[PDB]
Amino acid sequence: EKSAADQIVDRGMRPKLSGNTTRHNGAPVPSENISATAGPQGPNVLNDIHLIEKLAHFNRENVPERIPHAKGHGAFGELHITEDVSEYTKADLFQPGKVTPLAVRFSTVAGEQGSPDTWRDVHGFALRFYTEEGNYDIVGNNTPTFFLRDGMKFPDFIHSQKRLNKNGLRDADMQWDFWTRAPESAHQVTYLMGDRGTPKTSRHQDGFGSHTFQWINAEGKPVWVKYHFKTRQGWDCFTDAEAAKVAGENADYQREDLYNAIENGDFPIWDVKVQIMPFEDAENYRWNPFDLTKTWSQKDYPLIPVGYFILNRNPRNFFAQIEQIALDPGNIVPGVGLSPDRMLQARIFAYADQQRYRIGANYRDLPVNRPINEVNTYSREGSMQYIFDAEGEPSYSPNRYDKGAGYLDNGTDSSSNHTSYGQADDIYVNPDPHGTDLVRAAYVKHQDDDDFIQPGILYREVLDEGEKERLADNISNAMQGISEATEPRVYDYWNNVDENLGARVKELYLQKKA
Amino acid sequence: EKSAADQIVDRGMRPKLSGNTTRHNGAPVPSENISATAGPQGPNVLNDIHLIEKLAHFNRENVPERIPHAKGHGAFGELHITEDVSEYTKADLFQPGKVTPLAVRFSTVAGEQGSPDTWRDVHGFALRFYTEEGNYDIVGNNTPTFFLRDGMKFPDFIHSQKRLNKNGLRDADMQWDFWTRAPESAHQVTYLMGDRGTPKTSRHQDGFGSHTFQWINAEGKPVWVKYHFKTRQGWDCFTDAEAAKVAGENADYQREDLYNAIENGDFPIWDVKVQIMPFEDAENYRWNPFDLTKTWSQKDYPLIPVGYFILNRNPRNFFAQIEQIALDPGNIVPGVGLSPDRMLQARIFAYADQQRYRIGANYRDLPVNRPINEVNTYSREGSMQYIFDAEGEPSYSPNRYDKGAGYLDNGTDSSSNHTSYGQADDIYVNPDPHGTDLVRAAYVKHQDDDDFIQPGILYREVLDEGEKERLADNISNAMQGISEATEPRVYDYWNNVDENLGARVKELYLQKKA
Amino acid sequence: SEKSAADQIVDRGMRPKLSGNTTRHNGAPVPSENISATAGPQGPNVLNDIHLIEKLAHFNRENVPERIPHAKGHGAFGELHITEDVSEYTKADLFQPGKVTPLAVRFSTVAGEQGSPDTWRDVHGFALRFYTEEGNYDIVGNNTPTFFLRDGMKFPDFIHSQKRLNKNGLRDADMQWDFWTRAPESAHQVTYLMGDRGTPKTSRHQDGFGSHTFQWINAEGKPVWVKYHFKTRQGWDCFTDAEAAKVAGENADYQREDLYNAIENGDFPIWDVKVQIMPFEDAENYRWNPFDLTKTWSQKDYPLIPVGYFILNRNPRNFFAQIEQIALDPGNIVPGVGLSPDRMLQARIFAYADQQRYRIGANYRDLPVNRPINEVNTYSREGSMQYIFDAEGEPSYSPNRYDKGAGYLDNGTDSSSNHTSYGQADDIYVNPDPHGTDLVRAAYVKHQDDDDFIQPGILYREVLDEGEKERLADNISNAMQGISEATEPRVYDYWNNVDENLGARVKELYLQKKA
Ligand SMILES: NC(=O)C1=CN([C@@H]2O[C@H](COP(=O)(O)OP(=O)(O)OC[C@H]3O[C@@H](n4cnc5c(N)ncnc54)[C@H](OP(=O)(O)O)[C@@H]3O)[C@@H](O)[C@H]2O)C=CC1
Ligand SMILES: NC(=O)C1=CN([C@@H]2O[C@H](COP(=O)(O)OP(=O)(O)OC[C@H]3O[C@@H](n4cnc5c(N)ncnc54)[C@H](OP(=O)(O)O)[C@@H]3O)[C@@H](O)[C@H]2O)C=CC1
Ligand SMILES: NC(=O)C1=CN([C@@H]2O[C@H](COP(=O)(O)OP(=O)(O)OC[C@H]3O[C@@H](n4cnc5c(N)ncnc54)[C@H](OP(=O)(O)O)[C@@H]3O)[C@@H](O)[C@H]2O)C=CC1
Ligand code: HEM
Ligand code: HEM
Ligand code: HEM
Ligand SMILES: [Cl-]
Ligand SMILES: [Cl-]
């Protein structure tokens with residue numbers, strides 16, 4: 001019952017201790033039960049050192065929860081490569097036969113800590129691979145798409161899914177007012193309002209990178225990729241009513257399920273697959289290949305196998321290793337790049353920015369966040385600096401010593417004299433930008449790009465009749481509480497997805513409005 | 001539609017705005033919808049100033065939640081004095097005819113920010129009165145008693161009610177292991193496991209100061225007091241099953257109920273009453289009068305009316321005025337004092353300590369935390385200093401200027417030359433300390449002091465047959481999941497409360513188990 | 001080389017020497033430390049230069065709140081060696097015969113901020129940590145046997161008066177003297193401060209003192225009162241007022257640099273560790289209140305008793321990580337050591353950890369320099385930046401059904417109900433008579449010779465040589481420059497109260513320099 005992740009999860013852990021407790025300076029604790037007073041009925045004294053230390057540290061246990069994805073849980077495990085994808089990527093963890101330790105965190109989106117796992121919501125599906133060339137995180141979701149195509153709109157969407165400023169209540173009118181006024185949301189809202197909005201567990205859902213990313217091979221050739229993590233346990237979903245019943249019975253149903261499964265040796269597995277779009281295919285694809293609200297059809301780009309991952313290790317300490325994990329899509333490694341997906345580009349900034357605040361400036365030094373290789377950096381100081389460089393090493397580059405600089409640099413000067421390095425392939429090999437100016441512009445318009453065609457295809461060509469009916473039923477449930485002003489916007493929105501769906505949504509909504 | 005609290009709840013509020021949005025420097029925002037790129041398909045530029053500002057501030061929305069009592073909600077209103085209690089207290093807010101603005105926050109204890117209002121739990125009942133001699137907070141609960149008599153044990157109790165370190169799950173075995181090994185808990189556990197563990201709303205419960213406090217009149221004469229807030233709406237409780245059903249239907253049931261009631265003009269009212277124990281009655285009472293786990297019998301000390309309070313104003317902004325309120329039992333005013341209740345004495349330190357961290361060093365300056373009178377303090381600086389003293393005023397006392405010093409001081413020197421002020425009645429007029437040394441000691445033992453007699457009396461003399469049966473049923477439900485190691489300890493604990501209760505608890509537990 | 005017993009401690013958290021190329025904080029290779037990525041050579045900077053943003057953002061977060069007070073300081077590591085038998089007086093492990101214990105020290109000024117000169121006239125901090133087998137024992141002392149105040153309520157007043165005016169950010173002579181003359185309990189320490197010892201040349205050329213009365217308790221539980229004295233083997237060596245001010249401009253880090261260089265060159269500074277020991281029963285009848293910080297115990301009544309020595313033989317590996325982030329705290333006591341009814345000390349026992357929780361973070365105790373050598377067994381958990389955590393599944397509460405344990409007075413299995421009592425809290429201190437049964441705000445118990453002026457008067461009349469007496473008056477009159485006309489007579493009276501001849505000379509010199 002060993003795990004490749006054991007090295008990682010044992011970092012920072014004390015041995016088992018017994019006898020008597022100590023204060024934080026190591027001195028023996030007199031009592032955990034009775035505080036010191038000036039006479040049995042006299043006042044508490046200021047100098048009960050343990051009392052104050054115990055209370056003060058208790059007072060500082062809590063830290064800001066994530067916004068969004070506050071409610072979550074995770075595990076550790078292993079990635080196993082079983083295919084040869086070296087033609088497409090030089091990324092070390094993806095080379096033939098590689099086995100790489102991993103962490104994963106699953107989550108909901110809108111609710112706070114302690115909110116139920118089985119509220120209808122997207123679920124986060126966020127992986128870290130502790131690779132030989134650094135931590136590579138694929139911070140995904142249980143959906144191949146998402147609600148928006150521009151990060152500028154992300155805080156609007158998340159406030160609309162959270163609580164009204166006046167009274168701290170979540171609100172149907174607000175959710176639908178936003179969604180109908182941001183019709184790019186239709187693809188993901190259709191997915192969310194279906195059966196997959198309420199998966200039973202974290203084990204019984206697929207995961208996806210959602211965004212288009214780039215793979216680059218040893219020769220520098222790029223291809224566009226999408227990640228699919230296909231559950232070996234299978235999709236398994238509650239109905240709307242079932243999900244609510246479970247929310248009241250066990251708000252931590254999914255957290256408990258994953259813990260139990262691993263504790264019992266029932267290790268969940270996902271097959272890792274990719275869609276691969278040749279660089280030359282992108283401009284002419286029927287949909288914009290970088291628009292997050294557009295999936296690539298699997299009839300055009302079938303899933304290609306890479307390997308599998310398995311979760312075989314529960315955390316040693318939930319707070320230290322899961323609450324404090326700092327999963328970040330900007331944690332890329334050689335052989336992997338980004339794309340002109342504006343949502344992705346905003347994310348590459350946003351996660352580390354939040355983590356610097358939520359955890360601290362030195363969050364990268366915490367056991368679960370350190371890579372397996374040594375970090376060679378000129379960064380220094382900051383709050384709670386546990387790790388520091390070898391004595392006397394330089395704080396600046398270029399310098400006259402040997403600590404070094406970037407791989408493009410010579411290590412000895414500032415690259416003046418008009419030195420150029422060229423295309424920043426490590427970010428991504430870019431396609432045509434279609435303009436020479438700083439602009440605020442639409443995405444390049446491809447033949448079938450609109451806000452409604454893909455969820456309409458889902459409804460008309462993929463869903464069975466039971467799925468179609470449950471979708472309409474779920475939507476009409478989610479509509480209860482909207483204002484009269486919002487009603488026709490919602491009718492119009494669903495009509496635009498499909499006129500039969502829209503008709504049925506309105507029919508059921510009106511029956512329930514009573 | 002007016003409230004005395006209007007002055008307070010309007011502090012910090014912007015006027016209604018329209019037109020277009022602005023950045024935080026006041027410059028016009030170009031778009032809330034589209035971010036700037038270098039070409040339509042080019043990379044996002046670093047200098048989309050609004051994008052980064054919007055994302056970065058979004059990233060910092062969350063702050064540490066309270067530990068404990070994270071999940072709560074509140075309102076504002078008025079305290080009205082209707083009786084003359086000036087013979088007992090000189091406290092300004094309690095003088096005849098006085099009408100004082102108030103805030104209140106209600107809460108659960110164990111769960112985090114998103115957790116259901118209707119989990120079985122104690123409910124917090126925390127009041128601020130914005131008096132002419134400062135903010136006076138009575139930070140109470142919906143129970144006249146509590147689980148412990150020494151603050152040293154408080155973090156143990158709260159960890160036992162929260163989540164296991166390994167897996168983030170709450171745990172029955174942990175809750176009962178602590179409760180039965182800390183049998184002082186029996187009084188409150190009996191109250192908690194009865195109907196009152198699941199009140200339907202915040203309006204349908206009493207509130208209590210719980211601790212013994214002190215009242216001092218204009219002549220300096222002290223009496224011991226306990227606060228009772230008697231609901232005019234009446235106690236109204238869910239069954240165990242009903243509370244869980246509601247948790248799944250609406251995790252914010254009580255928050256929503258209070259908001260709706262006030263919005264609809266159905267203003268909830270509580271009658272404010274006190275028990276008053278003469279200073280000379282304390283040593284000879286059948287129970288220790290300062291032990292939080294001991295209530296004063298209302299047969300011995302009947303409720304004496306003081307006035308009523310009414311909640312007639314919802315917050316303008318929930319986060320700003322409720323999440324950020326810093327309710328603190330150390331917020332006492334002239335005419336009110338403490339007592340040798342060790343729990344109370346620990347609390348007088350603990351709340352401000354947490355608030356300095358949870359909110360910030362300058363939390364007292366936030367609109368909802370400022371008193372109505374001007375604060376004259378030598379404190380200065382700290383993070384986010386909004387309010388500062390008049391230009392050039394001195395930073396130290398004693399000084400040669402006019403800002404002043406304490407009311408006991410002369411305003412000109414340091415009170416050297418062996419100056420004494422005598423008894424610190426503003427803290428409390430103390431009873432005998434029963435010793436001359438710094439000690440860790442039991443409370444003074446009164447005739448009927450033990451851990452079990454009071455809940456036994458509740459069971460044997462107060463509860464009706466349905467209440468007694470539901471109590472046993474609730475306990476046996478809450479026991480599901482305890483280890484075989486814990487079972488006999490729990491059987492014994494309940495037998496100590498009452499032999500018939502204990503027998504029924506074991507009977508129902510064994511029926512439900514396996 | 002030169003080994004140190006402190007090597008274990010100072011090596012904690014240190015990376016090996018690295019070469020080749022730099023990496024981002026996720027471990028991926030850095031393309032450039034020189035050029036940022038743009039959309040075309042003359043195009044805009046792109047958002048997704050991940051290294052650029054990470055480098056700038058972590059740079060932006062390098063600074064942390066400096067200490068208030070004692071912001072400007074520096075330190076080293078070394079060894080405590082016991083050479084005498086004091087076991088009849090204390091059971092404290094580090095003080096037992098033959099014991100060798102690793103140590104840290106930080107020296108400092110008081111009023112100035114992080115960038116301010118080491119040689120401004122000021123008290124100097126002398127703060128020791130001993131990494132003992134029974135926990136970290138810190139003696140957070142100063143280079144004076146006394147201090148300005150006898151009640152912690154007044155401490156923030158004194159420190160604001162030594163810092164900057166609220167309106168304009170300037171330090172101010174009038175404010176300093178207005179406070180001192182209105183708080184005449186300050187006279188003892190101000191006399192010490194204004195003499196030669198206000199300007200020691202280096203950290204090595206000054207004594208250290210615990211200042212407060214502490215308590216020692218032996219194996220049988222018998223207490224004695226003690227004061228610590230750390231007697232420099234290098235000897236007191238002081239600048240004049242003029243010399244110190246010149247050095248302040250020439251090298252603001254004169255003392256920091258001196259200590260670094262001394263240790264690098266193998267010139268390890270040493271102090272002899274001694275105590276005054278006052279029998280418990282002597283306390284009530286001493287001519288001065290033995291718990292009043294403004295009162296020293298005469299060495300004629302209580303001579304210095306030798307204990308051992310300490311030596312500084314190791315420079316820090318990283319100044320910020322090991323010195324700026326050290327959390328020295330007088331509340332870090334160990335078995336065999338206790339407190340006393342010195343109200344300044346009692347306030348300090350609260351204040352340091354309180355500031356450190358803010359200045360560093362909730363989990364500051366887990367940083368390499370702050371961890372003891374023994375394992376910490378605590379039910380505390382979580383908090384920001386939790387690096388260290390308990391063994392998997394260990395309980396978070398006591399009493400519990402497992403083995404993690406509780407306090408040494410507890411039984412480990414219940415809450416000590418049923419009216420359990422443990423008795424006198426000797427680990428805090430064996431208390432003397434409290435002289436009352438009520439919560440009060442009261443003077444200290446008045447001993448025969450207690451006043452605010454006799455002790456500095458004795459220093460002036462019986463201890464100082466003629467040169468010291470004259471330089472004292474000259475230094476005081478220099479420090480008075482800038483006081484208001486209102487403050488002048490207060491200062492004249494204050495010095496007259498110390499000694500009429502000193503007062504006359506102070507006024508003479510002050511008026512010569514004013515006009
Ligand atoms: N292309 C993609 O990456 C994905 C697309 N979709 C949706 O399917 C539509 C067609 O895509 P395309 O790949 O061309 O067609 P395909 O028929 O090849 O794929 C349809 C996909 O939809 C999934 N699916 C089945 N039931 C549901 C449901 N209740 N809710 C959400 N998804 C479900 C299928 O999973 P299964 O094989 O287990 O039946 C399958 O992955 C798209 O418009 C999109 O909305 C959904 C998931 C992935
Ligand atoms: N003394 C006090 O301040 C209080 C005591 N108690 C409990 O009552 C016992 C007797 O106290 P005493 O004042 O001498 O006797 P009393 O008969 O005068 O008061 C009994 C109290 O118990 C309340 N009560 C009724 N049902 C329940 C229940 N389901 N769960 C919890 N409380 C309930 C009553 O409320 P109501 O009048 O509305 O029926 C009343 O306030 C105590 O041992 C204590 O456990 C409870 C509340 C306050
Ligand atoms: N009792 C104590 O713990 C100390 C007292 N003092 C001062 O000395 C006075 C007499 O104390 P007592 O112990 O009875 O007499 P002692 O003669 O036994 O001791 C006098 C002390 O004063 C020190 N001293 C010498 N020059 C100066 C100076 N320039 N500035 C400050 N201190 C100096 C001496 O150091 P050295 O032996 O090297 O000459 C010695 O430690 C006290 O009122 C106090 O002000 C000062 C330091 C410690
Ligand atoms: C521009 C759009 C988005 C922005 C700005 C954004 C930003 C953030 C931030 C700041 C966090 C908190 C990170 C932390 O504090 O550790 C977060 C959490 C998370 N986000 Fe996003 N997000 C966006 C869209 C997405 C998308 C499209 C996905 C999936 C493809 C996603 C998946 C997740 C997941 C899984 C988490 C939780 C990670 C964990 O378990 O720790 N987000 N997001
Ligand atoms: C020694 C025992 C206790 C300690 C150390 C303690 C400490 C605390 C702390 C630190 C907070 C968070 C405050 C904040 O961050 O704003 C809190 C919340 C709270 N406590 Fe306690 N507590 C104790 C027992 C009690 C008792 C006996 C009562 C009732 C009589 C009580 C009622 C409350 C309430 C109502 C809140 C939430 C206040 C709000 O709504 O903001 N606590 N407690
Ligand atoms: C009631 C009076 C006093 C209070 C409230 C007080 C409080 C403090 C605080 C809060 C710090 C900053 C600690 C940190 O953040 O690490 C500090 C620094 C310091 N204090 Fe005090 N102090 C008092 C009097 C004294 C006395 C009498 C002495 C010496 C006997 C002393 C010696 C020091 C030293 C040496 C430092 C710097 C420690 C270091 O180098 O890190 N203080 N003081
Ligand atoms: Cl920040
Ligand atoms: Cl803090």
# chains A, B, ... in the order shown; residues from 1 in each chain; ligands from 1
>>> closest_atom_pairs(of="chain C", to="chain A", cutoff="6 Å", atoms="only C-alpha atoms", output="Markdown table")
| residue | atom | partner | partner_atom | distance |
| --- | --- | --- | --- | --- |
| C:13 | CA | A:387 | CA | 4.7 |
| C:14 | CA | A:388 | CA | 5.1 |
| C:15 | CA | A:389 | CA | 5.0 |
| C:16 | CA | A:390 | CA | 5.5 |
| C:17 | CA | A:390 | CA | 5.2 |
| C:18 | CA | A:403 | CA | 5.7 |
| C:19 | CA | A:403 | CA | 4.4 |
| C:20 | CA | A:404 | CA | 5.4 |
| C:21 | CA | A:404 | CA | 5.0 |
| C:22 | CA | A:376 | CA | 4.7 |
| C:23 | CA | A:376 | CA | 5.1 |
| C:26 | CA | A:135 | CA | 5.2 |
| C:27 | CA | A:134 | CA | 4.0 |
| C:28 | CA | A:134 | CA | 4.7 |
| C:30 | CA | A:406 | CA | 4.9 |
| C:31 | CA | A:406 | CA | 4.6 |
| C:32 | CA | A:406 | CA | 4.1 |
| C:33 | CA | A:406 | CA | 5.4 |
| C:34 | CA | A:414 | CA | 5.6 |
| C:61 | CA | A:382 | CA | 5.5 |
| C:62 | CA | A:382 | CA | 4.0 |
| C:63 | CA | A:382 | CA | 5.8 |
| C:134 | CA | A:27 | CA | 5.4 |
| C:135 | CA | A:26 | CA | 4.0 |
| C:136 | CA | A:25 | CA | 5.3 |
| C:317 | CA | A:391 | CA | 4.9 |
| C:334 | CA | A:27 | CA | 5.5 |
| C:367 | CA | A:386 | CA | 5.6 |
| C:372 | CA | A:26 | CA | 5.9 |
| C:376 | CA | A:26 | CA | 5.3 |
| C:377 | CA | A:21 | CA | 4.7 |
| C:378 | CA | A:21 | CA | 5.7 |
| C:382 | CA | A:61 | CA | 5.0 |
| C:383 | CA | A:61 | CA | 3.9 |
| C:387 | CA | A:366 | CA | 5.6 |
| C:388 | CA | A:12 | CA | 4.7 |
| C:389 | CA | A:13 | CA | 5.1 |
| C:390 | CA | A:14 | CA | 5.0 |
| C:391 | CA | A:14 | CA | 5.2 |
| C:392 | CA | A:316 | CA | 4.8 |
| C:403 | CA | A:18 | CA | 5.7 |
| C:404 | CA | A:18 | CA | 4.4 |
| C:405 | CA | A:20 | CA | 5.0 |
| C:406 | CA | A:20 | CA | 5.1 |
| C:407 | CA | A:31 | CA | 4.1 |
| C:408 | CA | A:30 | CA | 5.1 |
| C:409 | CA | A:30 | CA | 5.4 |
| C:410 | CA | A:31 | CA | 5.8 |
| C:415 | CA | A:33 | CA | 5.5 |
>>> residues_near_ligand(ligand="ligand 1", cutoff="10 Å", atoms="only C-alpha atoms and all ligand atoms", output="PyMOL selection string")
chain A and resi 142-145+186-188+190-197+205-208+210+226-228+230-231+234-235+237+274-275+293-303+452-464+466-468+470-471
>>> residues_near_ligand(ligand="ligand 6", cutoff="7 Å", atoms="only C-alpha atoms and all ligand atoms", output="NGL selection string")
:C and (67-70 or 73 or 106-108 or 125-127 or 140-142 or 147 or 151-152 or 155 or 209-212 or 326-329 or 344-345 or 347-348 or 351-352 or 355-356 or 359)
>>> residues_near_ligand(ligand="ligand 5", cutoff="7 Å", atoms="only C-alpha atoms and all ligand atoms", output="JSON, numbers by chain")
{"A": [55, 59], "B": [66, 67, 68, 69, 72, 105, 106, 107, 124, 125, 126, 139, 140, 141, 146, 150, 151, 154, 208, 209, 210, 211, 325, 326, 327, 328, 343, 344, 346, 347, 350, 351, 354, 355, 358]}
>>> write_last_selection(atoms="N, CA and C atoms", output="compact mmCIF listing (two decimals), in the first residue's frame")
# COMPACT_ATOMS: atom_id res chain seq x y z
N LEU A 55 -5.35 30.00 23.19
CA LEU A 55 -6.46 30.81 22.67
C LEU A 55 -6.05 31.62 21.44
N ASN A 59 -7.52 31.37 17.73
CA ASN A 59 -8.11 32.56 17.11
C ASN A 59 -7.63 32.81 15.68
N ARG B 66 -15.21 33.80 11.13
CA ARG B 66 -15.09 33.62 12.57
C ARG B 66 -14.84 32.17 12.93
N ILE B 67 -14.01 31.96 13.96
CA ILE B 67 -13.98 30.67 14.64
C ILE B 67 -14.29 30.88 16.13
N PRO B 68 -15.40 30.30 16.63
CA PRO B 68 -16.48 29.63 15.91
C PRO B 68 -17.54 30.67 15.50
N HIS B 69 -18.76 30.21 15.21
CA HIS B 69 -19.90 31.06 14.83
C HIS B 69 -19.73 31.71 13.45
N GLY B 72 -23.67 33.14 10.16
CA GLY B 72 -24.63 33.97 10.86
C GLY B 72 -25.19 35.10 10.00
N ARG B 105 -26.43 39.90 15.81
CA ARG B 105 -26.04 38.83 14.90
C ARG B 105 -26.43 37.51 15.54
N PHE B 106 -27.11 36.67 14.77
CA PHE B 106 -27.49 35.32 15.16
C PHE B 106 -26.60 34.37 14.37
N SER B 107 -26.38 33.17 14.88
CA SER B 107 -25.44 32.26 14.22
C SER B 107 -25.62 30.83 14.71
N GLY B 124 -25.92 31.42 18.40
CA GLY B 124 -25.46 32.68 18.97
C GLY B 124 -26.54 33.75 18.91
N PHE B 125 -26.48 34.67 19.87
CA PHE B 125 -27.51 35.68 20.06
C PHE B 125 -26.74 36.89 20.59
N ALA B 126 -26.17 37.67 19.69
CA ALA B 126 -25.15 38.64 20.07
C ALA B 126 -25.60 40.05 19.75
N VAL B 139 -22.88 39.50 24.25
CA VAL B 139 -22.64 38.47 23.25
C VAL B 139 -23.11 37.16 23.84
N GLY B 140 -24.37 36.84 23.57
CA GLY B 140 -25.02 35.73 24.24
C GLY B 140 -25.30 34.55 23.33
N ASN B 141 -26.06 33.59 23.85
CA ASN B 141 -26.47 32.41 23.10
C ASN B 141 -27.95 32.15 23.36
N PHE B 146 -23.73 26.68 29.31
CA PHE B 146 -22.77 26.31 28.26
C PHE B 146 -22.03 25.05 28.69
N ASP B 150 -14.18 26.54 32.10
CA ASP B 150 -12.82 27.09 32.07
C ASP B 150 -12.39 27.30 30.63
N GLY B 151 -11.95 28.52 30.31
CA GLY B 151 -11.55 28.85 28.95
C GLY B 151 -10.41 28.01 28.42
N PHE B 154 -11.80 25.54 26.04
CA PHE B 154 -12.64 25.98 24.94
C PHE B 154 -12.13 25.53 23.55
N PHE B 208 -29.82 34.69 25.90
CA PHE B 208 -29.34 34.76 27.27
C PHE B 208 -27.93 35.31 27.25
N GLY B 209 -27.56 36.07 28.27
CA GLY B 209 -26.16 36.44 28.46
C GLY B 209 -25.36 35.24 28.94
N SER B 210 -26.07 34.28 29.55
CA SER B 210 -25.52 33.03 30.10
C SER B 210 -24.68 33.25 31.36
N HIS B 211 -23.59 34.01 31.23
CA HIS B 211 -22.74 34.30 32.38
C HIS B 211 -23.43 35.19 33.40
N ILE B 325 -18.93 43.05 11.51
CA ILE B 325 -19.18 43.50 12.87
C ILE B 325 -18.24 42.72 13.80
N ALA B 326 -17.78 43.38 14.86
CA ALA B 326 -16.84 42.79 15.80
C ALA B 326 -17.50 42.80 17.17
N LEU B 327 -18.37 41.83 17.40
CA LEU B 327 -19.10 41.76 18.67
C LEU B 327 -18.18 41.16 19.73
N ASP B 328 -18.19 41.74 20.93
CA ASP B 328 -17.13 41.50 21.91
C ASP B 328 -17.66 41.70 23.33
N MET B 343 -14.72 31.32 32.20
CA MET B 343 -15.07 31.35 30.78
C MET B 343 -15.22 32.79 30.33
N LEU B 344 -16.01 33.57 31.06
CA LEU B 344 -16.19 34.98 30.75
C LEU B 344 -14.84 35.69 30.70
N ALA B 346 -11.82 34.59 30.08
CA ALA B 346 -11.09 34.24 28.87
C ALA B 346 -11.68 34.95 27.64
N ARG B 347 -13.01 35.03 27.58
CA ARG B 347 -13.67 35.69 26.45
C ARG B 347 -13.30 37.17 26.37
N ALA B 350 -10.29 37.07 24.35
CA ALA B 350 -10.27 36.34 23.09
C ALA B 350 -10.89 37.03 21.87
N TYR B 351 -11.95 37.81 22.06
CA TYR B 351 -12.71 38.29 20.90
C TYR B 351 -11.94 39.38 20.16
N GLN B 354 -9.04 37.89 18.28
CA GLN B 354 -9.39 37.34 16.97
C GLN B 354 -9.72 38.45 15.96
N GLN B 355 -10.45 39.47 16.40
CA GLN B 355 -10.87 40.54 15.50
C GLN B 355 -9.70 41.34 14.92
N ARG B 358 -8.79 38.81 12.20
CA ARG B 358 -9.84 38.46 11.25
C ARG B 358 -10.21 39.65 10.37
>>> residues_near_ligand(ligand="ligand 8", cutoff="7 Å", atoms="only C-alpha atoms and all ligand atoms", output="VMD selection string")
(chain B and resid 356 to 357) or (chain C and resid 357 to 358)
>>> write_last_selection(atoms="C-alpha atoms", output="short mmCIF file (atom, residue, chain, number, x, y, z; two decimals), in the first residue's frame")
data_model
loop_
_atom_site.label_atom_id
_atom_site.label_comp_id
_atom_site.auth_asym_id
_atom_site.auth_seq_id
_atom_site.Cartn_x
_atom_site.Cartn_y
_atom_site.Cartn_z
CA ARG B 356 -7.43 42.19 15.23
CA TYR B 357 -6.52 39.27 12.95
CA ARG C 357 1.70 36.66 15.65
CA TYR C 358 1.13 39.85 13.59
#
>>> residues_near_ligand(ligand="ligand 3", cutoff="9 Å", atoms="only C-alpha atoms and all ligand atoms", output="MDAnalysis selection string")
chainID C and resid 144:146 188:189 191:198 207 209 211 227:229 231 235:236 276 295:304 454:460 462:465 468:469 472
>>> select_by_dssp(residues="range 178-414 of chain A", states="helix (DSSP H, G or I)", output="PyMOL selection string")
chain A and resi 178-181+183-193+195-197+240-249+253-263+279-284+318-323+342-358+363-365+367-369
>>> residues_around(residues="residue 507 in chain B", least_positions_apart="4", cutoff="10 Å", atoms="only C-alpha atoms", output="PyMOL selection string")
chain B and resi 472-473+476+491+501-503+511-512
>>> atom_distance(atom1="atom 39 (O, counted along the ligand's line) of ligand 2", atom2="CA of residue 247 in chain B")
26.4 Å
>>> atom_distance(atom1="CA of residue 96 in chain A", atom2="CA of residue 82 in chain A")
6.6 Å
>>> atom_distance(atom1="CA of residue 76 in chain A", atom2="CA of residue 113 in chain A")
21.1 Å
>>> closest_atom_pairs(of="chain C", to="ligand 7", cutoff="10 Å", atoms="only C-alpha atoms and all ligand atoms", output="JSON lines")
{"residue": "C:57", "atom": "CA", "partner": "ligand 7", "partner_atom_place_in_ligand_line": "1 (Cl)", "distance": 8.8}
{"residue": "C:58", "atom": "CA", "partner": "ligand 7", "partner_atom_place_in_ligand_line": "1 (Cl)", "distance": 9.8}
{"residue": "C:60", "atom": "CA", "partner": "ligand 7", "partner_atom_place_in_ligand_line": "1 (Cl)", "distance": 9.1}
{"residue": "C:61", "atom": "CA", "partner": "ligand 7", "partner_atom_place_in_ligand_line": "1 (Cl)", "distance": 7.7}
